Each structure stands twice: as C-alpha cells, then as structure tokens.
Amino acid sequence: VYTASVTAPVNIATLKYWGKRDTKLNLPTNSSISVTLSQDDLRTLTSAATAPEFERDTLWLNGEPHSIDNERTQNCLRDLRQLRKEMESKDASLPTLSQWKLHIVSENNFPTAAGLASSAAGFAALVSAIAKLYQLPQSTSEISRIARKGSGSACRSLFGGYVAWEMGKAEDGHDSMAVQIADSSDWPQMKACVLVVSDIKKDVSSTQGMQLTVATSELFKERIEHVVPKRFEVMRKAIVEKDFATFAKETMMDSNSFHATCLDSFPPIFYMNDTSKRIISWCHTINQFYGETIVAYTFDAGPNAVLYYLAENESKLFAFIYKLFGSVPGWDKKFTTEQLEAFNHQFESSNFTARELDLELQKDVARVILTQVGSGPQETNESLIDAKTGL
C-alpha cells in the first residue's frame, strides 16, 4: 500500500484568465498571472493511495467512484499513469503503480462564502499528490500541462509566489503551461485581504460565463489581442522589479477590463454589485489620501473583493478597512484586541476629511480573510489515508 499526501494553495489572478480558444485542451485566449496565497491560511489536503489490486479509482467522504466526480480527469490520470509507466518500463525494480487503481481523499478549509477556485485548487492538489506517489521526473511546468487539461487555471497552483499561465502558440498545447515569474521569497511582503460580500443573488458560472463572452463581446477582441499581451509584460516587469504602484494599477485596470467584457457580453454578465463598487470607491479614496498607491483591488467571477497591499502599509490601509468592517469576523485571527485598537486610533487621529465613513457597507460583508503570498504545493507527513488499509 503506497501512499502520498500534499497540501496545495489557491491563487488569485491579477491578469485575468477568461475565455478559452480550445475547450478540449483547455487552451486560453490570453495568458494570465496570479499570486499564490499562503497555505498557512488556505489549503487543500489530498492523500493518494494505490496498492496491489484493491479496485476502481475512488474518492471518499466514504463512498463515491471516479467518473463525472470529474470526468475529463480519468484522462489526466491515465496521462500520469503513462508517465509512471515510462519509468518502470526502465526498471523492473520499481512497483507496478501505474497498473493499480487509486484511492483519493481530499479536503480543504476554504470558508464557504469566499470565492476561491475550489476546483482549480482541488485539481492541482490531486495532480501533485499523484505526481508524488508516482515520483514522476518531469518538471513542474511540464506536469502543469496536465493540470491545465484537467481544469485550466489549476496549472498556476503548482507554483508558489507569482505565477504565469503562458497561453501557448501550439494547437496541441505543449507550450500552454504554468511558469513561475518569481517565487514568494522574491517578494515576501505582498499581503492580501479578501472581503466576502454577501452574494445575495446567484451569478453565472465561470465556465458558461466565459464562453458567452468569447462568443458575444466585441470589446473582448481588443482585450485578448492588444490589452492582455501588453499588460502581461508590464505586470511581469512590475513583479521582477517589486514595483507595487505599477503592479497595483495594472491589477485594478485588469479587474475592471475583465468585468467590462462581462458587461459587454449578451445577455450582459454582472458579477460585481453595489458593495463591490463601493469597496472600489474607498480604495481609490484611500490611495488618494496617502498620495501613493497602497492598495489594489481585484474581483473574480463574483462580488468578493481581493485587496493586495504591502506589509509596510498594513496599518495605513487597515486604519480605513478595519474602521469600515470592524464588526465582520476574521480579524481576531491575525490581530490582538490592542493591535485592532491601534488601527481605530490611527484613523481617529488622522486628518481624513475627504469623505464620511460608511457604516452601512459593513452589513453586506460577511467575512474578512487575511493572508499573504505563499509557496507552492507542499508534501506533508499529515495524511487522510491509513498507510495500512486506505481510509
């Protein structure tokens, strides 16, 4: 009974992936860049086990088989098994892992309401657990291609730090893979604050939504042909140079560009709501107050706001943010009562007069998720499977 467990992180895109040019190979219309979030805060734990003939690939909450609990993945698994076969077919001293069925047990701690690509994360973790179990030799980038075909943006979750999903120029997509722009150590100070907005209406899924934008948004043409390719270079540069001002401006403009193409689809696609829009308003108010860009917002396919900032400006940012959402839960995790009061005091003792605090905004915000840039998939000794049987 061979086993392997891993923890994988979620990532929030700053240069958005939205639209596929090939739905079979999961090839995108443009490249995307994302920031990997710490697994000390958010993570998926996936244990994979395989042994002499217990049978037929299974999942577990204690039950369910493998086919449509995906079903596009069995193909990716066979891809992995084939790579493992390539191996043993070069050494009879190695077990026939590739011929045995898999036992998979996964779980995460992602707060329900939050967005967080739970599927992308799940697929990356699954692909990592398996790549470990089979002790595959190929690079993470080559392996990411399998995560891509499996569930697209999951490919970016195989790296820590700042990750790019290069769109690729080939029809077979051997060059559409994830590549690391810089690891978390090349820019440790990046922090993130997720504001979970009470999504009081059901939004269009990313899957259907993006296909509708590809098929109907005329402005979308300009986004993939001119806007993204250009922003990709500017953002990658901003990152290698640790230039927050540029990183932030490009991140806010691309969030708005993505939603703009949503609005330009037909029927129009709305993800942000009046709360989302008020949060954006305050961000600009906050940067204007300090005379410099200390915060950057970005929105995915929903109303939740992700605010990126540098650790050094945390107190300057939270003087507003905590004053605006001091009642929402999620703060007492990273801050003590005293630290939080320090925030209140900094606001109270500031010469801020530009606008009045909105005490209502807080009622449409359910949670605050504080975290920061982090590393990639991490093998662990923790496990959800009995090394003896297979839980």
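Note that residue numbering begins at 1 and tracks the sequence as displayed.
As the entry records it, the average C-alpha temperature factor is higher for 90-98, out of 103-111 and 90-98. As listed in the deposited structure, the average C-alpha B-factor of 340-348 and of 61-69 is greater for 61-69. For the set 314, 79, 183, 218, the maximum C-alpha B-factor listed in the entry falls on 79. Remark: of 117, 294, 305, 127, 117 shows the highest value [criterion: C-alpha B-factor in the PDB entry].
In the PDB entry, a CA B factor belonging to the middle third of its chain's modelled residues is recorded for residue 152. Per the PDB record, residue ranking by Cα B-factor puts residue 380 in the middle third of the chain.
Among the modelled residues of its chain, residue 121 has a C-alpha B-factor that falls in the highest third, as given in the PDB entry. Ranked by C-alpha B-factor against the other modelled residues of its chain, residue 37 falls in the lowest third.
Per-chain ranking of the deposited C-alpha B factor places residue 209 in the middle third.
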